[PDB]
Each structure stands twice: as structure tokens, then as C-alpha cells.
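K.L.:
The structure's right below; bear with me while I get my questions together.
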Amino acid sequence: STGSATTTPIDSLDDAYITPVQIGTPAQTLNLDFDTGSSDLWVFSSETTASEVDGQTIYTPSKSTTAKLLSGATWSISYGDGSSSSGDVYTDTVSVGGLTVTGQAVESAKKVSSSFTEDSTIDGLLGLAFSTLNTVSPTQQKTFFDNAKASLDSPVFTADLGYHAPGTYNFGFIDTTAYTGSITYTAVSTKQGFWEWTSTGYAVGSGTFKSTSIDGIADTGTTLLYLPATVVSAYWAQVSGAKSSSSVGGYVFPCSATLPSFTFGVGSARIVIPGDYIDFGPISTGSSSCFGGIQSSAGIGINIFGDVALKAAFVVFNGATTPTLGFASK
């Protein structure tokens, strides 16, 4: 089997991407944030504290003839941005882009933190990291991909995120029309539960490539590119007036700037992030200070190849017995 679904930016800055997902019978379609940095599929629901729902579409398990309470199971997750959610668990039928999994754990939120409530466009998350990170207790549950894998034509999914435009998540096949040149594959460590790999270095603009190993994660659920402070400083030093602002929480730059590109290495191959991908717009409405899309990972404890990086590439998440990642230009 295969599936193919369009993923759409939630706003004009590509702050996140939503993909429609069918849950239950009859189908309830929710727009979920596909997150290769976590491993829980959770949704706003009829069980979510009412004051914490503000415009989201909810899953109502009592209206699904295939929903079953997973007795005694609870979940609770906290993300790197400080947001969190928790609740109980149903199993139900979940389909993405024509690919159907029966008995998928659908984690129903009883509580969500303020940033979730405040974002009306995201109805929940669909985790695509390794199932070892799944938070369901006392019986850990599998991701949608893990459940689907054996049925797929090939045990892969691909992320093809757009810049200020829709893109595609495919399951079970590689669309050879969706990228240019060849796909370069690189090793993955699953030790921390992530799609963790080692970039071979970077360049800033038209500058020379610096060969250096950068361990990080391919994370569709993180908006920006988080790299070591040395790398980030080298990038922003090429933008007149750019500075790290403790009050804003990262590097900012004059909105009048033309940003240089940023290149990262995948083996001997190179992925070029155009400068415009690195502009996250005014820090507050009407400001001429703009937020940067490349930020320091110092104090995160891990480098994160988030959407800023991934949207410059066609990315293969290869879930073969020994997982790997593939990157192509597009």
C-alpha cells in the first residue's frame, strides 16, 4: 500500500504545516502537525477541557463506531517549546492520504497548554519519530508509520515541505519526479529515538564550505534550524546589523536586509537553503526588526534540522531494519 497527502503551511511564515488525517468511522478529518521529532498521535477531542479549545476541530470518539477505549492507558507529553498536553487513549482507524491503519492509538487530550489553545489551525500532532519515544503508559504504543510499515510497498515515508506553499507527505514510495539529481543517503542513530544523523558541514552564502561534523535531528515539527553557536554566529556575521537579542530570544536582523543562503552537507552532497527561507518576519507587528530562521542550539542539547532546512530538500525517512535518511535537492 501507499499514501499521499498534501501538507499546508498554517500561516504566511511557514510556522508549521498541517496535513489532513481521517480518524474513525465515519471519518472525522482533523488537521494534524506531522512531527518527525516526536512519537505520539494526539488530538483535540470532546474530552478536552472546554476553556482550552478555541477553534480547533475535535475528535469525538463516541461518534466513531470503530473507536475503543484503551483501558487504563494515559499519556502526557512536553515539547521543546515548553508546550504540553495529556489525556487518555482510544484505538481507532486512521487514514492518511489513502493509507489506512486499523487499531491506531489515538491519544485524546484532556488538557493542552496555552500555545495549543491559542493556535486554532492545529488540531493535534502525528508523531513520526521512533516508537520508543511514545508516552503512553503503562503500555507504550506505536506510531502511525510503525503500524503501517509492514503493509507499505517500501518501508519509507518522505517529506517534501514547501516554502510559502503546500507540499507533500508520501508513505510507502519515493516519487522520483519530486526531486532533482540523486538522493544522498546518510546513517541514522536511533539511540535517542530521533531521526538523528551527522551533517558533513556548512557554507554561508557564496563562501567556502567548512567540513565539520554536525550531529542533529531531522525534525519536521520544529520550525527553525538550530545549530551550534559557532555556525550561527558565522551566518549572522554576514548580515549587517544582525545581533543576538536576549530580550527577543535569538538572532534578529534588519527587515531591510537581503539574507545570504545557507548550505549544509549530506555526505558529499550539498543542500542550499535560500536566504528568503531564513526570514521569519517582524518580531512584533510593524517592527523593522525581523526574526532569524537560523538560531543557536546551545542549551537545547541537540542540533535540530527543522523546517527551514528540510523544506529546501526532498527528504526520505527510510524505516528499513537499519534506518537511514535521504536528502535530494528539488
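Each chain in the C-alpha cells gets a letter, A, B and so on, in the order shown; residues start at 1 in every chain, and ligands are counted from 1 in the order they appear.
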Give the helix (DSSP H, G or I) residues of stretch 26-274 of chain A, as assigned by DSSP on the backbone, as an NGL selection string.
P.N.:
:A and (50-52 or 61-63 or 114-118 or 131-133 or 144-151 or 229-236)
K.L.:
Those residues with N, CA and C atoms, as a PDB file, in the first residue's frame please?
P.N.:
ATOM      1  N   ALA A  50     -12.991  22.414  28.115  1.00  0.00           N
ATOM      2  CA  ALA A  50     -13.664  23.285  27.157  1.00  0.00           C
ATOM      3  C   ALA A  50     -12.964  24.631  26.995  1.00  0.00           C
ATOM      4  N   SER A  51     -12.481  25.194  28.095  1.00  0.00           N
ATOM      5  CA  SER A  51     -11.844  26.503  28.047  1.00  0.00           C
ATOM      6  C   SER A  51     -10.505  26.474  27.314  1.00  0.00           C
ATOM      7  N   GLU A  52     -10.013  25.273  27.019  1.00  0.00           N
ATOM      8  CA  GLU A  52      -8.734  25.102  26.325  1.00  0.00           C
ATOM      9  C   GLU A  52      -8.916  24.788  24.841  1.00  0.00           C
ATOM     10  N   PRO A  61     -14.769  10.487  20.076  1.00  0.00           N
ATOM     11  CA  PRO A  61     -14.741   9.026  19.931  1.00  0.00           C
ATOM     12  C   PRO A  61     -16.121   8.374  20.027  1.00  0.00           C
ATOM     13  N   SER A  62     -17.044   8.954  20.786  1.00  0.00           N
ATOM     14  CA  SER A  62     -18.361   8.350  20.946  1.00  0.00           C
ATOM     15  C   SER A  62     -19.147   8.331  19.628  1.00  0.00           C
ATOM     16  N   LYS A  63     -18.733   9.138  18.653  1.00  0.00           N
ATOM     17  CA  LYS A  63     -19.377   9.158  17.337  1.00  0.00           C
ATOM     18  C   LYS A  63     -18.701   8.243  16.325  1.00  0.00           C
ATOM     19  N   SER A 114      -1.357  26.454  26.805  1.00  0.00           N
ATOM     20  CA  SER A 114      -1.904  27.655  26.201  1.00  0.00           C
ATOM     21  C   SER A 114      -1.536  27.815  24.727  1.00  0.00           C
ATOM     22  N   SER A 115      -0.318  27.458  24.341  1.00  0.00           N
ATOM     23  CA  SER A 115       0.064  27.702  22.955  1.00  0.00           C
ATOM     24  C   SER A 115      -0.755  26.829  22.008  1.00  0.00           C
ATOM     25  N   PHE A 116      -1.143  25.631  22.444  1.00  0.00           N
ATOM     26  CA  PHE A 116      -2.005  24.800  21.612  1.00  0.00           C
ATOM     27  C   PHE A 116      -3.386  25.435  21.480  1.00  0.00           C
ATOM     28  N   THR A 117      -3.955  25.868  22.601  1.00  0.00           N
ATOM     29  CA  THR A 117      -5.261  26.508  22.592  1.00  0.00           C
ATOM     30  C   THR A 117      -5.266  27.700  21.654  1.00  0.00           C
ATOM     31  N   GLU A 118      -4.188  28.475  21.720  1.00  0.00           N
ATOM     32  CA  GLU A 118      -4.075  29.735  21.003  1.00  0.00           C
ATOM     33  C   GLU A 118      -3.855  29.561  19.504  1.00  0.00           C
ATOM     34  N   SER A 131       9.069   4.753  17.856  1.00  0.00           N
ATOM     35  CA  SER A 131       8.022   4.471  18.835  1.00  0.00           C
ATOM     36  C   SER A 131       8.547   4.373  20.265  1.00  0.00           C
ATOM     37  N   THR A 132       9.852   4.195  20.426  1.00  0.00           N
ATOM     38  CA  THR A 132      10.466   4.216  21.745  1.00  0.00           C
ATOM     39  C   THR A 132      10.241   5.526  22.514  1.00  0.00           C
ATOM     40  N   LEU A 133       9.904   6.612  21.815  1.00  0.00           N
ATOM     41  CA  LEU A 133       9.583   7.881  22.484  1.00  0.00           C
ATOM     42  C   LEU A 133       8.107   8.035  22.844  1.00  0.00           C
ATOM     43  N   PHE A 144       1.938   5.817  13.755  1.00  0.00           N
ATOM     44  CA  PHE A 144       1.223   5.519  12.527  1.00  0.00           C
ATOM     45  C   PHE A 144       2.142   4.848  11.512  1.00  0.00           C
ATOM     46  N   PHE A 145       3.354   5.370  11.362  1.00  0.00           N
ATOM     47  CA  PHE A 145       4.301   4.785  10.411  1.00  0.00           C
ATOM     48  C   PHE A 145       4.726   3.382  10.823  1.00  0.00           C
ATOM     49  N   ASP A 146       5.026   3.198  12.101  1.00  0.00           N
ATOM     50  CA  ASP A 146       5.411   1.894  12.616  1.00  0.00           C
ATOM     51  C   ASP A 146       4.294   0.877  12.351  1.00  0.00           C
ATOM     52  N   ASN A 147       3.041   1.258  12.600  1.00  0.00           N
ATOM     53  CA  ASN A 147       1.917   0.361  12.353  1.00  0.00           C
ATOM     54  C   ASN A 147       1.722   0.067  10.868  1.00  0.00           C
ATOM     55  N   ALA A 148       1.948   1.056  10.008  1.00  0.00           N
ATOM     56  CA  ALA A 148       1.720   0.907   8.573  1.00  0.00           C
ATOM     57  C   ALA A 148       2.835   0.169   7.849  1.00  0.00           C
ATOM     58  N   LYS A 149       4.028   0.180   8.428  1.00  0.00           N
ATOM     59  CA  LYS A 149       5.265  -0.123   7.712  1.00  0.00           C
ATOM     60  C   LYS A 149       5.232  -1.437   6.954  1.00  0.00           C
ATOM     61  N   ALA A 150       4.778  -2.491   7.614  1.00  0.00           N
ATOM     62  CA  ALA A 150       4.838  -3.811   7.028  1.00  0.00           C
ATOM     63  C   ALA A 150       3.948  -3.898   5.794  1.00  0.00           C
ATOM     64  N   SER A 151       2.914  -3.063   5.733  1.00  0.00           N
ATOM     65  CA  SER A 151       1.945  -3.102   4.638  1.00  0.00           C
ATOM     66  C   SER A 151       2.380  -2.241   3.463  1.00  0.00           C
ATOM     67  N   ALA A 229      26.508  27.378  18.192  1.00  0.00           N
ATOM     68  CA  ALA A 229      26.663  28.824  18.270  1.00  0.00           C
ATOM     69  C   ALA A 229      27.731  29.341  17.322  1.00  0.00           C
ATOM     70  N   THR A 230      28.797  28.570  17.131  1.00  0.00           N
ATOM     71  CA  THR A 230      29.862  28.962  16.221  1.00  0.00           C
ATOM     72  C   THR A 230      29.337  29.133  14.790  1.00  0.00           C
ATOM     73  N   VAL A 231      28.550  28.157  14.340  1.00  0.00           N
ATOM     74  CA  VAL A 231      27.975  28.149  12.992  1.00  0.00           C
ATOM     75  C   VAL A 231      27.002  29.302  12.814  1.00  0.00           C
ATOM     76  N   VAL A 232      26.139  29.476  13.807  1.00  0.00           N
ATOM     77  CA  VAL A 232      25.112  30.502  13.761  1.00  0.00           C
ATOM     78  C   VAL A 232      25.735  31.899  13.753  1.00  0.00           C
ATOM     79  N   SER A 233      26.785  32.097  14.543  1.00  0.00           N
ATOM     80  CA  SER A 233      27.488  33.371  14.548  1.00  0.00           C
ATOM     81  C   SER A 233      28.122  33.663  13.196  1.00  0.00           C
ATOM     82  N   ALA A 234      28.722  32.646  12.584  1.00  0.00           N
ATOM     83  CA  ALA A 234      29.305  32.811  11.259  1.00  0.00           C
ATOM     84  C   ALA A 234      28.260  33.217  10.224  1.00  0.00           C
ATOM     85  N   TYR A 235      27.056  32.664  10.314  1.00  0.00           N
ATOM     86  CA  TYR A 235      25.987  33.032   9.402  1.00  0.00           C
ATOM     87  C   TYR A 235      25.582  34.501   9.600  1.00  0.00           C
ATOM     88  N   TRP A 236      25.219  34.865  10.832  1.00  0.00           N
ATOM     89  CA  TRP A 236      24.654  36.190  11.075  1.00  0.00           C
ATOM     90  C   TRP A 236      25.681  37.306  10.940  1.00  0.00           C
TER      91      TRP A 236
END
K.L.:
So, counting only C-alpha atoms, which residue among A:184, A:261, A:198, A:12 is closest to residue A:329?
P.N.:
A:184
K.L.:
Name the residues in contact with residue A:35 at a cut-off of 6 Å, using only C-alpha atoms, excluding same-chain residues fewer than 6 positions from it; report them as a count of residues only.
P.N.:
5
K.L.:
For each of A:257, A:32, A:136, A:174, take the minimum atom-to-atom distance to residue A:94, counting only C-alpha atoms, then give the residue where this is smallest.
P.N.:
A:32
K.L.:
Please provide the set of residues having any atom within 7 Å of residue A:217, restricted to only C-alpha atoms, with same-chain residues fewer than 4 positions apart removed, written as an MDAnalysis selection string.
P.N.:
chainID A and resid 194:197 303:305
K.L.:
Measuring between only C-alpha atoms, which one of A:266, A:58, A:105, A:214 shows the shortest distance to residue A:28?
P.N.:
A:58
K.L.:
Which of stretch 2-114 of chain A end up as strand (DSSP E) when DSSP is run on this backbone - answer as a ChimeraX atom specification?
P.N.:
/A:3-9,17-23,28-35,41-43,68-78,84-96,99-112
K.L.:
For stretch 308-320 of chain A, please output as an MDAnalysis selection string all residues within 6 Å (counting only C-alpha atoms; exclusion window: fewer than 3 positions along the same chain).
P.N.:
chainID A and resid 155:162 224:225 273 305 323:330
K.L.:
Store the residues picked out above, limited to N, CA, C and O atoms, as an mmCIF file, in the first residue's frame.
P.N.:
data_model
loop_
_atom_site.group_PDB
_atom_site.id
_atom_site.type_symbol
_atom_site.label_atom_id
_atom_site.label_comp_id
_atom_site.auth_asym_id
_atom_site.auth_seq_id
_atom_site.Cartn_x
_atom_site.Cartn_y
_atom_site.Cartn_z
ATOM 1 N N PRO A 155 9.331 0.416 3.035
ATOM 2 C CA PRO A 155 9.154 0.892 4.414
ATOM 3 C C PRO A 155 9.728 2.291 4.645
ATOM 4 O O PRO A 155 10.674 2.484 5.421
ATOM 5 N N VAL A 156 9.134 3.265 3.963
ATOM 6 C CA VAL A 156 9.637 4.628 3.933
ATOM 7 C C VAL A 156 8.490 5.609 3.993
ATOM 8 O O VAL A 156 7.358 5.296 3.624
ATOM 9 N N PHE A 157 8.803 6.831 4.418
ATOM 10 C CA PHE A 157 7.949 7.970 4.120
ATOM 11 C C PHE A 157 8.837 9.124 3.709
ATOM 12 O O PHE A 157 10.037 9.129 4.001
ATOM 13 N N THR A 158 8.255 10.079 2.997
ATOM 14 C CA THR A 158 9.022 11.213 2.521
ATOM 15 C C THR A 158 8.332 12.510 2.889
ATOM 16 O O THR A 158 7.106 12.595 2.919
ATOM 17 N N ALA A 159 9.149 13.509 3.190
ATOM 18 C CA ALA A 159 8.700 14.860 3.471
ATOM 19 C C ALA A 159 9.192 15.787 2.384
ATOM 20 O O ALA A 159 10.392 15.879 2.132
ATOM 21 N N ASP A 160 8.255 16.499 1.776
ATOM 22 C CA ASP A 160 8.541 17.460 0.717
ATOM 23 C C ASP A 160 7.807 18.742 1.074
ATOM 24 O O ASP A 160 6.716 19.016 0.585
ATOM 25 N N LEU A 161 8.389 19.499 1.994
ATOM 26 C CA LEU A 161 7.734 20.697 2.520
ATOM 27 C C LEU A 161 7.968 21.866 1.579
ATOM 28 O O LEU A 161 9.058 22.027 1.031
ATOM 29 N N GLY A 162 6.946 22.700 1.409
ATOM 30 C CA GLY A 162 7.044 23.855 0.544
ATOM 31 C C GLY A 162 7.493 25.113 1.265
ATOM 32 O O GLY A 162 7.277 25.274 2.454
ATOM 33 N N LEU A 224 12.365 26.085 12.932
ATOM 34 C CA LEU A 224 13.637 26.710 12.569
ATOM 35 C C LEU A 224 14.800 25.710 12.527
ATOM 36 O O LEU A 224 14.645 24.522 12.821
ATOM 37 N N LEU A 225 15.953 26.216 12.100
ATOM 38 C CA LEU A 225 17.196 25.460 12.038
ATOM 39 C C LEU A 225 18.063 25.862 13.228
ATOM 40 O O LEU A 225 18.451 27.030 13.338
ATOM 41 N N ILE A 273 19.858 26.250 1.319
ATOM 42 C CA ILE A 273 18.687 26.935 1.851
ATOM 43 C C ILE A 273 18.766 28.379 1.356
ATOM 44 O O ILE A 273 19.662 29.118 1.765
ATOM 45 N N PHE A 305 17.605 20.063 12.641
ATOM 46 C CA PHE A 305 17.323 20.398 11.248
ATOM 47 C C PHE A 305 15.809 20.444 11.109
ATOM 48 O O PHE A 305 15.169 19.455 10.742
ATOM 49 N N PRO A 323 17.549 1.935 9.848
ATOM 50 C CA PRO A 323 17.040 3.162 9.227
ATOM 51 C C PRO A 323 18.136 4.061 8.673
ATOM 52 O O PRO A 323 19.255 4.071 9.177
ATOM 53 N N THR A 324 17.794 4.816 7.641
ATOM 54 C CA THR A 324 18.679 5.848 7.115
ATOM 55 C C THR A 324 17.837 7.064 6.724
ATOM 56 O O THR A 324 16.604 6.992 6.716
ATOM 57 N N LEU A 325 18.510 8.167 6.408
ATOM 58 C CA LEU A 325 17.860 9.361 5.880
ATOM 59 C C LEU A 325 18.410 9.643 4.503
ATOM 60 O O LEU A 325 19.611 9.493 4.266
ATOM 61 N N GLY A 326 17.547 10.080 3.595
ATOM 62 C CA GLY A 326 18.000 10.535 2.293
ATOM 63 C C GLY A 326 17.626 11.985 2.042
ATOM 64 O O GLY A 326 16.557 12.420 2.445
ATOM 65 N N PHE A 327 18.521 12.726 1.396
ATOM 66 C CA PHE A 327 18.259 14.113 1.022
ATOM 67 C C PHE A 327 18.557 14.319 -0.444
ATOM 68 O O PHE A 327 19.611 13.906 -0.926
ATOM 69 N N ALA A 328 17.638 14.982 -1.143
ATOM 70 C CA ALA A 328 17.870 15.443 -2.507
ATOM 71 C C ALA A 328 17.500 16.911 -2.605
ATOM 72 O O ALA A 328 16.629 17.388 -1.886
ATOM 73 N N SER A 329 18.145 17.623 -3.519
ATOM 74 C CA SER A 329 17.687 18.948 -3.917
ATOM 75 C C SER A 329 16.392 18.817 -4.726
ATOM 76 O O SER A 329 16.030 17.717 -5.177
ATOM 77 N N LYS A 330 15.676 19.923 -4.908
ATOM 78 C CA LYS A 330 14.401 19.877 -5.607
ATOM 79 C C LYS A 330 14.088 21.213 -6.240
ATOM 80 O O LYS A 330 14.898 22.136 -6.151
#
K.L.:
Name the closest residue to residue A:142 among the candidates A:101, A:122, A:242, A:13; distances are taken between atoms, counting only C-alpha atoms.
P.N.:
A:101
K.L.:
What lies within 9 Å of residue A:90 using only C-alpha atoms, ignoring chain neighbours under 4 positions off, as JSON, numbers by chain?
P.N.:
{"A": [61, 67, 68, 69, 70, 71, 73, 103, 104, 105, 106, 107, 108]}
K.L.:
Selected residues, C-alpha atoms, written as a CSV table (one decimal), in the first residue's frame, please.
P.N.:
chain,number,residue,atom,x,y,z
A,61,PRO,CA,-14.7,9.0,19.9
A,67,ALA,CA,-13.3,3.7,18.5
A,68,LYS,CA,-12.4,1.6,21.5
A,69,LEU,CA,-11.1,3.0,24.8
A,70,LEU,CA,-7.7,1.6,25.5
A,71,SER,CA,-8.4,0.7,29.1
A,73,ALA,CA,-3.9,4.0,29.2
A,103,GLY,CA,-6.1,-0.1,15.7
A,104,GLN,CA,-4.0,3.0,15.8
A,105,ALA,CA,-3.6,4.6,19.2
A,106,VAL,CA,-5.3,8.0,19.1
A,107,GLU,CA,-4.4,9.9,22.2
A,108,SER,CA,-7.3,12.1,23.2
K.L.:
Rank nothing, just name the residue among A:185, A:171, A:251, A:262 nearest to residue A:206, using only C-alpha atoms.
P.N.:
A:262
K.L.:
Which is closest to residue A:169 among A:250, A:98, A:91, A:284, if we use only C-alpha atoms?
P.N.:
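Closest residue, counting only C-alpha atoms: A:98.
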K.L.:
Do a neighbour search on residue A:111 at 8 Å with only C-alpha atoms, toss out local chain neighbours closer than 5 positions, and write the hits as a list in words.
P.N.:
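Close residues of residue A:111: residues 48, 49, 52, 85, 86 and 87 of chain A.
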K.L.:
Kindly save the residues from that selection, with N, CA and C atoms included, as an mmCIF file, in the first residue's frame.
P.N.:
data_model
loop_
_atom_site.group_PDB
_atom_site.id
_atom_site.type_symbol
_atom_site.label_atom_id
_atom_site.label_comp_id
_atom_site.auth_asym_id
_atom_site.auth_seq_id
_atom_site.Cartn_x
_atom_site.Cartn_y
_atom_site.Cartn_z
ATOM 1 N N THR A 48 -11.412 17.271 25.738
ATOM 2 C CA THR A 48 -10.535 18.392 26.066
ATOM 3 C C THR A 48 -11.293 19.443 26.871
ATOM 4 N N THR A 49 -10.686 19.847 27.985
ATOM 5 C CA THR A 49 -11.203 20.916 28.827
ATOM 6 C C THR A 49 -11.723 22.049 27.942
ATOM 7 N N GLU A 52 -10.013 25.273 27.019
ATOM 8 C CA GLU A 52 -8.734 25.102 26.325
ATOM 9 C C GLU A 52 -8.916 24.788 24.841
ATOM 10 N N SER A 85 0.673 18.554 26.615
ATOM 11 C CA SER A 85 -0.684 18.049 26.542
ATOM 12 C C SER A 85 -0.729 16.665 27.187
ATOM 13 N N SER A 86 -1.924 16.210 27.550
ATOM 14 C CA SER A 86 -2.078 14.919 28.202
ATOM 15 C C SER A 86 -3.523 14.451 28.105
ATOM 16 N N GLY A 87 -3.740 13.166 28.328
ATOM 17 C CA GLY A 87 -5.085 12.636 28.323
ATOM 18 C C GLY A 87 -5.138 11.131 28.384
#
